[PDB]
Amino acid sequence: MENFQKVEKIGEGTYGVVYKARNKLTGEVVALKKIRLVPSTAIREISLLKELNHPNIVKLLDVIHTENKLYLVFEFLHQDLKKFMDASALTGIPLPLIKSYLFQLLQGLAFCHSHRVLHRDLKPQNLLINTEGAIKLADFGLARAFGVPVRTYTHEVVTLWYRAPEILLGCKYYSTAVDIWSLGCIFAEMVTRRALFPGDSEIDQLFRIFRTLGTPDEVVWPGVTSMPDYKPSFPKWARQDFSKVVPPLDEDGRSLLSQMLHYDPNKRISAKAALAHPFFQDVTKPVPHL
Ligand SMILES: NS(=O)(=O)c1ccc(Nc2nc(OCC3CCCCC3)c3nc[nH]c3n2)cc1
């Protein structure tokens, strides 16, 4: 990484620092991830990402491995969904844009998911935007690759806000639907301008889900009561109408979000099926101002 000149700290990820950086030889502008430990499977895992190429997936440019330290070099985008959400909070993000972004992330998930790759940690901060109206997923596949801790190397708390219930209930094996749950929460959040489930511990996170969606049981979620962290003592909350959860959203939109938020990971709509949902009948791609 003597072939890069650091330009600035873009932020602390799970895995370490991400820098905006400039290739001193090639002139190219990049994001550089330092990864904190390296280990064999991780290198093989990274190296499959190199080939997982999609317009809605931030490109993995190169993997550099020297002096036992690890660096990931990605295409660079100029803004993330959060700063855009902040920027645009007085009036909210126009619904046509919300729809465009949802549709492109869905296209993204459909791609990775059909190759078996999960994100496992989607959030406004890894959703990245550009001036041409594109939105792209960042850090695909890095969770299986490295692991996830509680505190980042900088003991910033990793957020729970987008985590799927089956994860919090301790299922050791999850599928792609965990990303659908996350994207669902991010959708609601775009629509309303406030995180759907801002939990600040695992039980607070689980109990906020429960309060909005009803405490899961064997009727809505076969098999639920016998998952590791399920306690028959959970307070027994009633399910709220979605007209109340995401008010301004129209029917096709409340209908999609619903199926992305199904309790049973098995019944949860896949990316592929979401893409075909009536909500996208009128989908376009506007340019965000920026
Ligand atoms: N706050 S912000 O709007 O000022 C802004 C944000 C991100 C970027 N650019 C950018 N950022 C990344 O990681 C940001 C990421 C670090 C790890 C966890 C989530 C946050 C990238 N990873 C690949 N490519 C990347 N490109 C430009 C401006």
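Residues numbered from 1 in each chain as written, not as in the entry; some residues may be left out. Heavy atoms only, no water. Residues with missing side-chain atoms left out of burial classes, pairs and counts.

Method of determination, as annotated in the archive: X-ray crystallography, at 2.10 Å resolution.

Chemist: Which parts of the structure should I look at to understand the UniProt feature "active site" in the chain?
Modeler: Cross-referencing UniProt, the feature "active site" maps to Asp121 in the present numbering. Note that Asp121 resides in the loop between α3 (95-114) and β7 (127-129). Judged by its relative accessible area of 14%, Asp121 falls in the buried class. In contact with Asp121, not counting residues within four places along its chain, are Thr14, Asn126 and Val158. (UniProt positions renumbered as here; feature names shortened; annotations may be inferred. Helix = DSSP H or I, 4+ residues; strand = E, 2+ residues; numbered from the N terminus. Buried < 20%, exposed > 50% of the residue type's maximum accessible area, 1.4 Å probe, protein only. Contact = heavy atoms within 4.5 Å.)

Chemist: How should the packing of helix α6 (residues 177-192) against helix α9 (residues 251-260) be read in this particular structure?
Modeler: When two helices pack together, you describe them by how their axes are tilted relative to each other and by the distance separating the axes. For the pair α6 and α9, the least separation of the axes is 8 Å and the interaxial angle reads 145°. Considering how the two elements wind past one another, α6 and α9 form a crossing that is left-handed. Each of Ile180, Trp181, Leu183, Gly184, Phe187 and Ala188 in α6 lies in contact with α9, whose residues at this interface are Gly253, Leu256, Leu257 and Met260. (Axes fitted to C-alpha atoms, helices over the stretch in contact; angles between N-to-C directions. Left-handed = near helix turned anticlockwise from the far one by under 90°.)

Chemist: What is the right way to look at the sheet that holds strand β1 (residues 4-13) in this model?
Modeler: Adjacent strands of a sheet form backbone hydrogen bonds with each other and so pair up, either parallel or antiparallel. Taken together, the five strands give an open sheet; going across it, the order is β1-β2-β3-β5-β4, and neighbouring strands pair in antiparallel fashion. Each end of this open sheet is capped by a strand with a single partner; those strands are β1 and β4 (60-66). Put simply, the sheet's adjacent strands are angled 25° from each other on average, direction ignored. Of the pairings in the sheet, the one linking strand β2 (residues 16-23) to strand β3 (residues 29-35) comprises five bridges and is antiparallel in character. Bridging across to β3, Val18 finds its partner in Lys33. (Pairing = 2+ DSSP bridges.)

Chemist: Got a minute to help me understand empty space enclosed by the protein in this structure?
Modeler: Take a probe with the size of a water molecule and roll it over the atoms, and the empty space left behind shows itself. Taken as a whole, the largest cavity encloses approximately 100 Å³ of empty space. Every residue along the wall of the largest cavity is listed here: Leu49, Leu52, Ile57, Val58, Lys59, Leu60, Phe74, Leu137, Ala138, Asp139 and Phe140. For the lining of the largest cavity, the residue count by class is nine nonpolar, no polar and two charged. Both domains that furnish three or more residues to the lining of the largest cavity are identified here as domain 1 (1-78) and domain 2 (79-290). Taken as a whole, the second largest cavity encloses approximately 60 Å³ of empty space. Considering the residues around the second largest cavity, the lining is formed by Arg120, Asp121, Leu122, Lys123, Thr159, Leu160, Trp161, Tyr162, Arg163 and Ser182. Considering only residue class, the lining of the second largest cavity consists of four nonpolar, two polar and four charged. (1 Å grid on protein atoms, 1.4 Å probe; cavity = no way out; pocket = protein on both sides within 12 Å on 5 of 7 lines; lining within 4 Å. Points joined across faces, edges and corners; volume = space filled by probe spheres on them. Nonpolar A, V, L, I, M, F, W, Y, C, P; charged D, E, K, R; others polar. Domains from an automatic or database assignment.)

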